[PDB]
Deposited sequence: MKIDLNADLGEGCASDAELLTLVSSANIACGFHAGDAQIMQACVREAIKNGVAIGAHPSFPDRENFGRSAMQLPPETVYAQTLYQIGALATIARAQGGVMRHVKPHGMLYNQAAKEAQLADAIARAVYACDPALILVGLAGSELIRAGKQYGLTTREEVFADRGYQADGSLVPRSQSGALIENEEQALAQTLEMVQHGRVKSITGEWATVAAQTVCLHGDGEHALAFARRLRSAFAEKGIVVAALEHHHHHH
């Protein structure tokens, strides 16, 4: 039984250095929401240095719809930039995970999820699409023959249906146990009390802290952390 741990990098924030020592996959910003070519270049090198799988963390450039075509184009632009930077160093970009609001909206909007999946596919069919467990992005991914991996969160509360409870409450290190529960037996205790089934193939480790202690403690609690090799 293996589990993949991923962290967002290329934002210049937090300590990407130490976090790359305890994570199996990296999601590198592509210059829109954060980072730049030079930062992307240094993140890739550090990633290969630690044997971490290189992945892109594309983002968007009051819910005004941005046509799927535009998102598709902007996604290609970002992941193609990183893939080229990665290959220049003899590295290979292995996955793509949307960032923030793009990720959040693609989780519920089929059209947006579809746009992102198509872009990942158009870049390289062998790329693994990472998205929130049980969301539209996972659906879009498998819809196009893309290997897809579902993401779960250690510090977030889940509903009965298996999705997250809207931030706040929808307008403690119990996280460990929740994380261990999802990875080991694919289920999580919802805030409603009922058990909800989940895929949990990768857990997102927040490094923006001293929140680095939880990361290492999570691994101590853990069996075998490894990159997605589907």
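What the model leaves out of the deposited chain are the segments 62 to 68, 179 to 183, 222, 236 to 239, 248 to 252.
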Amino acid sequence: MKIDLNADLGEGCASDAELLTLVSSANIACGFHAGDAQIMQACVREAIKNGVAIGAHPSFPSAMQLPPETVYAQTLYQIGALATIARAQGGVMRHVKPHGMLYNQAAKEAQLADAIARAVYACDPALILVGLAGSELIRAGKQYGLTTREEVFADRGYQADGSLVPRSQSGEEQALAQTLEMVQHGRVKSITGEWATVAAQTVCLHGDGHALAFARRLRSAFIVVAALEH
From here on, numbers count along this sequence of modelled residues.
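Annotation for 154 to 162 versus 103 to 111: the higher mean temperature factor (C-alpha) is found in 154 to 162. Annotation for 118 to 126 versus 139 to 147: the higher mean temperature factor (C-alpha) is found in 139 to 147. When the C-alpha B-factors of 59, 201, 197, 27 are read from the PDB record, the largest value belongs to 197. In this PDB entry, residue 186 carries a Cα temperature factor that places it within the highest third of its chain's modelled residues. Ranked by Cα temperature factor within the chain, residue 205 sits in the highest third according to the deposited record. Annotation for residue 70: CA B-factor lies in the lowest third of the chain's modelled residues. Residue 193 sits in the highest third of its chain by CA B factor, as recorded in the PDB entry. Sort the modelled residues of the chain by CA B factor and residue 36 lands in the lowest third.
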